[PDB]
Number of protein chains: 4
Amino acid sequence: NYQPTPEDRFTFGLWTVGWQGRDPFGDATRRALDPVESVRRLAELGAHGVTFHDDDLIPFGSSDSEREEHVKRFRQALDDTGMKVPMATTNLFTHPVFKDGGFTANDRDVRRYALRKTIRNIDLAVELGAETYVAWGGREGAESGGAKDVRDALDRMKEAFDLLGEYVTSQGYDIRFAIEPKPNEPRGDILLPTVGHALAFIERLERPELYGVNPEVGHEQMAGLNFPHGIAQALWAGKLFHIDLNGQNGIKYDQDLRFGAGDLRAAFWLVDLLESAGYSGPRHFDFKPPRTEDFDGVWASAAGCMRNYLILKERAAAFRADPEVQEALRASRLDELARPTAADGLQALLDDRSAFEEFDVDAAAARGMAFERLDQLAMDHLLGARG
Amino acid sequence: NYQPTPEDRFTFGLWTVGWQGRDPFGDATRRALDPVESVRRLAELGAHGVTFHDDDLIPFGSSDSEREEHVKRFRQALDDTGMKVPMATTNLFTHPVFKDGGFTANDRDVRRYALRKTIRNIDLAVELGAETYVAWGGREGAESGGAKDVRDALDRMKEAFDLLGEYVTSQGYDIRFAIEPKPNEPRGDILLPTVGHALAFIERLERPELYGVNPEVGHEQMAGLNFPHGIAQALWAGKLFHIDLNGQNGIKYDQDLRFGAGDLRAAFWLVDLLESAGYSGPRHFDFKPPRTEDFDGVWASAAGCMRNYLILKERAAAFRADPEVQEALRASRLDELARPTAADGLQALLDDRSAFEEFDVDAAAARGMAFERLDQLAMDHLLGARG
Amino acid sequence: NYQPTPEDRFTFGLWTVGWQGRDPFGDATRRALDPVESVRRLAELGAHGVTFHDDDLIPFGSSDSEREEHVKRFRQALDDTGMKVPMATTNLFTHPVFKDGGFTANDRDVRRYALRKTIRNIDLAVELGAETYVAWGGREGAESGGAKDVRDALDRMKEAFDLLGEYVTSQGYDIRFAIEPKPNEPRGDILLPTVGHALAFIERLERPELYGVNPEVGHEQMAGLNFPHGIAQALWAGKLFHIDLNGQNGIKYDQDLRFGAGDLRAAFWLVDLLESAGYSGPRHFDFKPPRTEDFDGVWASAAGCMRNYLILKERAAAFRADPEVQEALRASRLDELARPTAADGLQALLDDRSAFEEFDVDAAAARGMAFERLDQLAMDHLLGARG
Amino acid sequence: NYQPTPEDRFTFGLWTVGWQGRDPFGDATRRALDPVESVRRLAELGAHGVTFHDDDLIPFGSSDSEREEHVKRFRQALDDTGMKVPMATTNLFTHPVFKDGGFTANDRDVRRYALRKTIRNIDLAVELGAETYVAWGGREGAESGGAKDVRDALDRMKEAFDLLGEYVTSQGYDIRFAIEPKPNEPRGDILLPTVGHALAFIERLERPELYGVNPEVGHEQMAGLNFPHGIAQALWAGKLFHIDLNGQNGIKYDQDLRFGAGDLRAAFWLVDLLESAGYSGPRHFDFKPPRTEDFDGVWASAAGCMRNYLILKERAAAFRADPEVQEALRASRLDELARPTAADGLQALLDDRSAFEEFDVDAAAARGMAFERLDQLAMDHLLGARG
Ligand SMILES: OC[C@H]1O[C@H](O)[C@H](O)[C@@H](O)[C@@H]1O
Ligand SMILES: OC[C@H]1O[C@H](O)[C@H](O)[C@@H](O)[C@@H]1O
Ligand SMILES: OC[C@H]1O[C@H](O)[C@H](O)[C@@H](O)[C@@H]1O
Ligand SMILES: OC[C@H]1O[C@H](O)[C@H](O)[C@@H](O)[C@@H]1O
Ligand SMILES: [Mg+2]
Ligand SMILES: [Mg+2]
Ligand SMILES: [Mg+2]
Ligand SMILES: [Mg+2]
Ligand SMILES: [Mg+2]
Ligand SMILES: [Mg+2]
Ligand SMILES: [Mg+2]
Ligand SMILES: [Mg+2]
């Protein structure tokens, strides 16, 4: 039951199942995985493809010769298996040179290096077939208020993404960028901390059509925000290029639990939205098998990601298909929300006495919204206490 | 010492000093204030002006005759005193008819009523001299996931603000709109929950130049965000039309404490930013004297708002004027943050071997940022342990 | 399906279904309910009993004659219907006289009044059959640091509960006290903010055996704490006298959603714990039907409270009864957690070389805990994707 | 100005200034420090002493010979310099064998090993002069609900601390234990998550007089709690054995900023409480110089810890010594809070008609608390805008 196949478009970062379990207070609990082995094991689980940072695939500081040997091995696992690489990204956060940022480091020479490191990996990503290039500015930010002039830092951030867009357009590459927001950790505050701030920033870039967002469930929840609502606003803007699925239990450190763990009802409403809106991009899992687990547990946690997506998809489809739920949606006037408020125009509205002068405010105030009955039908479907 | 005068542009809502102290668990502890009395008492404290909701000034349901008597009394207090009215707003949240929203209520007839109520008060605000019209969509949102289709709700929100912009432009009014974000309370989640989401939304309106943000200190802190950083992004976008100053102790209910209470260091960095960026708009206090206080305490809390702004202004000016701080800023390379990363252009950067091939990553990694010494100088200035 | 009956011991406060919907920003949306009507409607839904504050039943300031008429009406609804009154409490928070607290108000005369008001309602509660008397110190606390000397306030809090214990013991009443913690709202910080602080405080009272806790789901979640863990510690101490069930979406204002809404997985683990530990007290719902709802929605929300408890009970029972889950629990060594670490004693442990000198740390480090497979079985049972 | 001397009792963990800057997303940015060098550098800064984990001083897995060489070097730096070692603790969190806990690991053999590792370091701590032995159960907890039966885990936690108390009493050691709470990180939820839960747990131990708390500023703030209030409750119980001072900006990952950073007003009220209550224990800094810093920044951040304590001490002393503040405290009735509510006894209170029958509730309700004027005097003193 609930068996994933490549058509479900489930994808995984090399850094997810490959996380060795080193955390701020503890050493690694698992050995390093060979990327070739992860490709083959994920293929057998029913995954559609993999993603990577440059440094997940090619050890930092590798010669041009060593680099080619790592890429060739990886390509032949893709060719043998035929896993896809739909997305790639840059590691601008692990090496000590990035301790104050990549694109917004105060030192100019570090910012130039960050751009050259990124451009080198765009070339590789395009060769392997990636459609989306993600940027997570995990070191862009500050612990203290004087350390970063944020207007200048946003100028530098805009400069960097503008240069990246000039690069891809001059090369003729068919690849788009997706900014992944996070509010904090590892910096005290990170720039562009939510989906909203990232969407707003994109609108000031020279070629906004090249850029969208890669929101992550747990990151928006680290600010206590409603993740389905934020995804809805990204869809409404035409900017949901990619998505990171995982779980998070509230406002605390970034947990990266397996999808379905954490806020289960938010996961239900997210899947309902993605499916009913026809999102066609990868369902990418950015998660960490807990460091309590051995390698059997790594693969069980990865399988659980896909399983929980497939169960929630089934329950959301059943919810929307239920005639009793359609009747409830009409009783709560969700259909009236889709009608224009004033398609008759401003002048008609101003002359309409039934909209103000003769509006019966007390009758309208007395109508119940019937929202609790609707939400209990949704609870019943989620729990399988009806079909 | 630290005496406010009208040139400091301090303003107050009628609903602030006039809050009677009714909270979710308690009855009012203070009598209602006459708006005429608040104007006169604020004038004597050194305030520049007042702001209002329609329902603060004119009791809901008032006849056209009663309405004119309330406005005439209020205008003559302004004329006698000569207080300014720089901003006004609409109450689309108190009456039970708005229990599911104004602009995004599921019922169409409520949405039309909300627009007519707003338009009536724009006319009045323009008559009294307001430059900014604020919208706080406090009821726009949901407690449960099925109650609100958020893409349709954003269509309705866009429709409403587009109609407002068509109204002011057809009337020839010189007034701009400012959206005030809040993440939650009184709804479980409120639409456009942060400064970033509001900035992003504005860019999809038909006439974006008419709209900006009115951020509030405590609202962004209810999402755990860095308020000076968010203000910096609003300034960078050209959208800081107005600001609400107050205090908040972390992630919890909206406290609306007096400015300076709550996160004191964030208040210091906010004042440093506003003054050094040359913000010229009103310094508006959206605060609630705690319901423990009698009327003497109301006016003492209001005076403390202005006093704390003036003290912080002095300390921030002293910080920036200190040659030892200028030297610290150079040691942390804040001046290098303002230089373009690659004004030599993309092709020059790609051919620069000192940016990648010959970049000494380990030397760059070893440089300290000297951020702690800078932050301790800022602490010393804030505390007056140097000048 | 999932039909509640009186044997399920579901109870409701008069103030829950009777909440008129007035919040910090809005007027009431529903008329006041007659307590007699709530008793009869809850009886028909399958409730076991009701609870009350003094002021829910007898209007504040009522004469001794008026008081008796309200009590007589209420008793005859109980007698006709035969609903139980298992718990009662005092309103020490609504009236303006309590704006700085009841038991810990700075004014001594208010503290004496608070004690006399409480004692009067203990007499009534005992007459109606209550086994537990709850105290929620919602006004005990502060918005600012100088307002409350917290050591003196804890002396006064101890004095008050000691006097209450002296009163009940001198009267021969068979009633115990339960302290209900809350971290904030309506005060900036409330004293005894969590289950842990309340348990610690009880141990300094003169007769600790008379006092326990009444934890509320949403209150502990307002501090981001794990509610099942806190309930486990209260059970371990022998102090879980009563419980408030409801839902809360994270760290924000107190939502009091219907049980099952909010953190659904935490609700599953809570019901699993209560049932497997044999909790025999009332399952009390302290919830507010959202003010969007009319009276049909009030009763639907109340029915949903009980329904969700009964569904979760069924899924947790199925989880624990599944032999595949029992095998998973053994694979994760939950059975070894129940064995004493060192029943052989300190001297034996010190002389055991297999515990340190010859302990193979690397073999032990390599064992996986198999926690993810266990948690996915729990997810499958919760969702009804196995039985 | 504000120069620390050994009489100020400032202490530092070896792991604080010695933190190499490795975080969840990044490699170390600083070389390892020799403990001998930290002792000498801290002595020159004016520190009173140092603290350590076993593994900070003796590399894990060291032979008995190697162990003695590390201890001898360290002792001679203490003897030459004469720094104190007032506290020590055990590392039960870094090694992979502790991935599921030390004292509450599901595997019994790990729990026995954890106890033997702890006992070995108690012997050493007593030899070096430590008065307090801290336990931070950073791995005791869970990411998922089924992984840990919390009642059994609390039995095992009690068993372990009881065995430790039996050990120290049988040896005749003059050392007490202090439990350091933390709500989460690195586990999803940690057992005994706040000061309150730790105080409650102590009361169930066999010899409660041997155990107290070591609260940390930032840990309680990770739950949004008021740290001075929690310290007040620990003092009221007689259990504040030790304290960790640092800074934290709200609810997020554990930042361990330098003391004074983070919530500055809470730091003021904390120092006011510690000094006015006569706390005589070490002022211990558990902080991490940010990984942006080189070694000059490490020592500047450490000096700033002590400086900010000394400045806040001066401002709090000036606040309490100001006759205008004493008058404000009387106006807010802080002196009435210290009088017993009912030293005349229960029977006198019940017969006092001025406490209920003839209590003028409306006059009492009308008195203002004057809390805002008091808090603005506190703000003025903190900022040095009066003396
Ligand atoms: O490349 C982007 C990825 O980089 C890092 O691993 C982040 O932790 C993860 O959030 C993000 O998706
Ligand atoms: O008009 C806008 C104002 O309306 C309401 O009173 C809000 O509580 C306040 O945040 C806002 O500034
Ligand atoms: O009597 C105790 C009750 O009183 C109040 O209504 C509180 O809001 C609720 O939390 C509590 O259970
Ligand atoms: O030994 C106790 C110490 O151990 C760990 O380093 C903790 O991170 C710190 O909070 C604590 O004070
Ligand atoms: Mg993450
Ligand atoms: Mg991610
Ligand atoms: Mg507010
Ligand atoms: Mg506001
Ligand atoms: Mg509640
Ligand atoms: Mg309750
Ligand atoms: Mg810490
Ligand atoms: Mg600590």
Side-chain angles (χ1 to χ4, degrees), chain A residues 25, chain B residues 13 15-16 19 24-25 93 136 138 180-186 190 214-222 227 244-248 252-259 262 284-288, chain C residues 13 15-16 19 24-25 93 134 136 138 180-186 190 214-222 227 244-248 252-259 262 284-288, chain D residues 11-13 15-16 51 53 87 89 93 134-138 178-182 185 190 213-220 222 242-246 248 254-256 259 284-288:
Chain A
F25 301 91
Chain B
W15 70 89
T16 65
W19 184 56
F25 301 91
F93 49 91
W136 170 61
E180 180 172 349
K182 193 182 188 186
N184 66 73
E185 198 205 33
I190 294 169
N214 181 45
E216 179 178 310
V217 175
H219 293 176
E220 301 296 299
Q221 295 177 342
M222 289 171 71
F227 186 73
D244 276 4
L245 305 171
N246 67 6
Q248 167 78 17
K252 56 172 66 128
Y253 70 99
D254 187 32
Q255 294 194 289
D256 291 352
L257 304 172
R258 85 188 185 278
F259 182 66
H284 178 246
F285 297 103
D286 184 5
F287 87 109
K288 285 177 173 190
Chain C
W15 70 89
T16 65
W19 184 56
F25 301 91
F93 49 91
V134 162
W136 170 61
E180 180 172 349
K182 193 182 188 186
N184 66 73
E185 198 205 33
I190 294 169
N214 181 45
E216 179 178 310
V217 175
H219 293 176
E220 301 296 299
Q221 295 177 342
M222 289 171 71
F227 186 73
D244 276 4
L245 305 171
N246 67 6
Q248 167 78 17
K252 56 172 66 128
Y253 70 99
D254 187 32
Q255 294 194 289
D256 291 352
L257 304 172
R258 85 188 185 278
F259 182 66
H284 178 246
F285 297 103
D286 184 5
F287 87 109
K288 285 177 173 190
Chain D
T11 60
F12 290 88
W15 70 89
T16 65
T51 67
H53 302 83
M87 180 273 277
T89 184
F93 49 91
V134 162
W136 170 61
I179 296 169
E180 180 172 349
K182 193 182 188 186
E185 198 205 33
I190 294 169
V213 285
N214 181 45
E216 179 178 310
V217 175
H219 293 176
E220 301 296 299
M222 289 171 71
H242 195 267
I243 193 167
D244 276 4
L245 305 171
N246 67 6
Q248 167 78 17
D254 187 32
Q255 294 194 289
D256 291 352
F259 182 66
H284 178 246
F285 297 103
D286 184 5
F287 87 109
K288 285 177 173 190

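The sequence lines fix the lettering, A, B, ..., with proteins before strands; numbering per chain opens at 1. All values below were derived from every heavy atom in this structure, side-chain atoms included, with hydrogens, water molecules and symmetry-related copies excluded. Just so you know, ligand 1 is whichever comes first in the structure, and atom 1 is the first atom listed for that ligand.
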- prompt: At distances under 2.8 Å, what protein N, O or S atoms surround the Mg ion (ligand 12)?
  reply: D/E180 OE2, D/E216 OE1, D/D244 OD2, D/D286 OD2

- prompt: Would you say the side-chain atoms of B/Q248 pair up with the backbone N or O of B/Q255, donor to acceptor, closer than 3.5 Å?
  reply: yes

query: Who are the ring-ring contact (aromatic ring centres under 6.0 Å, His included) partners of B/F25, not counting sequence neighbours?
result: C/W136

task: Mark yes or no for whether C/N246, through its side chain, and C/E216, through its backbone, hold a donor-acceptor pair below 3.5 Å.
output: no

query: Does B/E185 reach the main-chain N or O of B/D254 with its side chain, forming a donor-acceptor pair under 3.5 Å?
result: yes

query: Would you call the rings of C/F259 and C/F285 parallel, tilted or perpendicular, where under 30° means parallel and over 60° means perpendicular?
result: tilted

Contact check, side chains of B/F287 and B/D244, non-hydrogen atoms, under 4.5 Å: no

